[PDB]
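One structure is given here, and the rest of the page talks about it.
Below, read A as the first sequence line, B as the second, and so on, with proteins coming before strands; counting in each chain starts at 1.
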Amino acid sequence: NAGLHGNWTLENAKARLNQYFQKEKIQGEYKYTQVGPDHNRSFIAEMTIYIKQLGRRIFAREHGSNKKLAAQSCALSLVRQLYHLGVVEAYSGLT
RNA sequence: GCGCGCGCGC
RNA sequence: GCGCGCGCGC
(Lines give C-alpha, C1' and ligand atoms only; values in the text may rest on other atoms or scores of the structure.)
Protein backbone atom coordinates (compact mmCIF):
# COMPACT_ATOMS: atom_id res chain seq x y z
CA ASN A 1 0.00 0.00 0.00
CA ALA A 2 2.77 2.43 0.90
CA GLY A 3 4.46 0.43 -1.94
CA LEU A 4 2.07 2.10 -4.43
CA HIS A 5 3.03 5.55 -3.08
CA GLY A 6 6.84 5.61 -3.06
CA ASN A 7 7.09 4.02 0.40
CA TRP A 8 5.91 7.24 2.03
CA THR A 9 4.14 6.42 5.31
CA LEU A 10 2.94 8.18 8.48
CA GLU A 11 6.36 7.73 10.16
CA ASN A 12 8.51 9.36 7.40
CA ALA A 13 6.20 11.85 5.76
CA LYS A 14 6.53 14.93 8.07
CA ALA A 15 10.35 14.88 7.84
CA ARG A 16 10.21 14.83 4.07
CA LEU A 17 7.60 17.57 3.93
CA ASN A 18 9.70 19.85 6.22
CA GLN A 19 12.77 19.21 4.04
CA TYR A 20 10.73 20.30 0.96
CA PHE A 21 9.67 23.43 2.92
CA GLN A 22 13.32 24.15 3.78
CA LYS A 23 14.64 23.58 0.25
CA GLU A 24 11.82 25.76 -1.17
CA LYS A 25 12.24 28.35 1.60
CA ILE A 26 8.47 28.12 2.19
CA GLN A 27 6.58 27.44 5.40
CA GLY A 28 3.26 25.55 5.52
CA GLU A 29 0.95 25.65 8.55
CA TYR A 30 -1.42 22.98 9.71
CA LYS A 31 -4.95 24.24 10.13
CA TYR A 32 -6.89 22.16 12.67
CA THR A 33 -10.65 21.71 13.05
CA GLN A 34 -12.18 20.12 16.14
CA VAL A 35 -14.38 17.13 15.60
CA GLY A 36 -16.78 15.49 18.14
CA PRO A 37 -17.61 17.01 21.55
CA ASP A 38 -14.94 17.99 24.09
CA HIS A 39 -15.09 14.60 25.84
CA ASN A 40 -14.67 12.80 22.50
CA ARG A 41 -12.45 15.12 20.49
CA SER A 42 -10.58 14.24 17.35
CA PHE A 43 -9.15 16.48 14.63
CA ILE A 44 -9.14 17.51 11.06
CA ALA A 45 -5.77 18.79 9.84
CA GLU A 46 -5.56 20.53 6.49
CA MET A 47 -2.81 22.33 4.60
CA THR A 48 -2.47 24.11 1.25
CA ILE A 49 0.91 24.63 -0.39
CA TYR A 50 1.99 26.25 -3.64
CA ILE A 51 4.39 24.03 -5.64
CA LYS A 52 6.92 26.08 -7.65
CA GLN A 53 7.75 23.02 -9.87
CA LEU A 54 4.11 22.68 -11.01
CA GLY A 55 2.90 26.31 -10.87
CA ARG A 56 -0.08 25.20 -8.79
CA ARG A 57 -1.10 24.74 -5.23
CA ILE A 58 -1.96 21.34 -3.66
CA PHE A 59 -4.19 20.53 -0.68
CA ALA A 60 -4.73 17.85 1.97
CA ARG A 61 -7.45 17.27 4.54
CA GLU A 62 -7.17 14.32 6.91
CA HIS A 63 -8.71 13.14 10.14
CA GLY A 64 -6.89 11.72 13.12
CA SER A 65 -7.93 10.70 16.63
CA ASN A 66 -5.47 13.25 18.03
CA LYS A 67 -3.73 16.37 16.63
CA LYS A 68 -0.42 14.53 16.00
CA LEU A 69 -2.03 11.80 13.90
CA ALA A 70 -4.17 14.32 12.00
CA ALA A 71 -1.01 16.31 11.17
CA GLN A 72 0.99 13.17 10.19
CA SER A 73 -1.81 12.04 7.82
CA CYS A 74 -2.08 15.49 6.31
CA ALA A 75 1.72 15.52 5.58
CA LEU A 76 1.43 11.96 4.28
CA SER A 77 -1.22 12.96 1.69
CA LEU A 78 0.82 16.00 0.69
CA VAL A 79 4.00 14.01 0.36
CA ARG A 80 2.33 11.18 -1.60
CA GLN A 81 0.82 13.77 -3.98
CA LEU A 82 4.28 15.27 -4.51
CA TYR A 83 5.60 11.77 -5.20
CA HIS A 84 3.02 10.97 -7.87
CA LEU A 85 3.50 14.39 -9.51
CA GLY A 86 7.20 13.70 -9.72
CA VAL A 87 8.22 16.55 -7.37
CA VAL A 88 9.56 14.20 -4.76
CA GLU A 89 11.45 10.92 -5.07
CA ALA A 90 10.40 7.52 -3.68
CA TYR A 91 11.50 7.07 -0.06
CA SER A 92 15.13 5.82 0.03
CA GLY A 93 15.70 5.26 3.75
CA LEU A 94 15.13 2.03 5.71
CA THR A 95 11.90 0.19 6.75
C1' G B 1 32.78 20.03 13.48
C1' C B 2 29.78 24.62 14.23
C1' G B 3 25.02 27.58 13.34
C1' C B 4 19.95 27.19 12.62
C1' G B 5 16.20 23.51 12.32
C1' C B 6 13.41 18.85 11.61
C1' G B 7 11.79 13.40 12.17
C1' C B 8 10.83 8.74 14.87
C1' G B 9 10.90 6.54 19.57
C1' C B 10 11.26 6.40 24.87
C1' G C 1 15.40 15.55 28.60
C1' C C 2 17.76 11.19 26.31
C1' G C 3 18.58 7.77 21.96
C1' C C 4 18.91 6.99 16.83
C1' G C 5 18.22 9.24 12.05
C1' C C 6 18.15 13.64 8.85
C1' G C 7 17.97 18.74 6.39
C1' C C 8 19.53 23.82 4.94
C1' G C 9 23.91 26.86 5.68
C1' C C 10 29.20 27.66 6.86
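Between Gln22(A) and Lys14(A), the residue anchored nearer the 5' end of RNA chain B, judged by the nucleotide with its closest heavy atom, is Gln22(A).
In this structure, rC10(B) forms a base pair with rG1(C), meeting either the Watson-Crick or the G-U wobble geometry with both donor-acceptor distances under 3.5 Å.
With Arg80(A) contributing its side chain and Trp8(A) its backbone, the two residues share a donor-acceptor pair below 3.5 Å. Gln81(A) places no side-chain N or O within 3.5 Å of a backbone atom of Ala60(A) that could act as its donor or acceptor partner.
Residues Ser42(A) and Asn66(A) form no side-chain contact, since every pair of their non-hydrogen atoms from C-beta on lies 4.5 Å or further apart. With a 4.5 Å cut-off on side-chain heavy atoms, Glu46(A) and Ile44(A) count as touching. Considering only heavy atoms from C-beta on, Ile58(A) stays 4.5 Å or farther from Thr48(A) through its side chain.
Within the 4.0 angstrom heavy-atom criterion, no nucleotide atom of any strand lies near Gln27(A).
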Which side-chain N or O atoms in residues 27-37 of chain A pair as donor and acceptor under 3.5 Å with protein atoms at least two apart or in another chain?
none

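In the hydrophobic cluster analysis, where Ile, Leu, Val, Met, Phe, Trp and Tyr join through side-chain heavy atoms closer than 4.5 angstrom, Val88(A) is grouped apart from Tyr50(A). In terms of hydrophobic clustering, with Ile, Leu, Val, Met, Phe, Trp and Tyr side chains grouped at heavy-atom distances under 4.5 Å, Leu69(A) and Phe43(A) are assigned to different clusters.
Contacts between chain A and RNA chain C, taken as any atom within less than 4.0 angstrom of a protein heavy atom, begin and end at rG7(C) to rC8(C).
At a non-hydrogen distance threshold of 4.0 Å, nothing from residues 83-95 of chain A comes into contact with RNA chain C.
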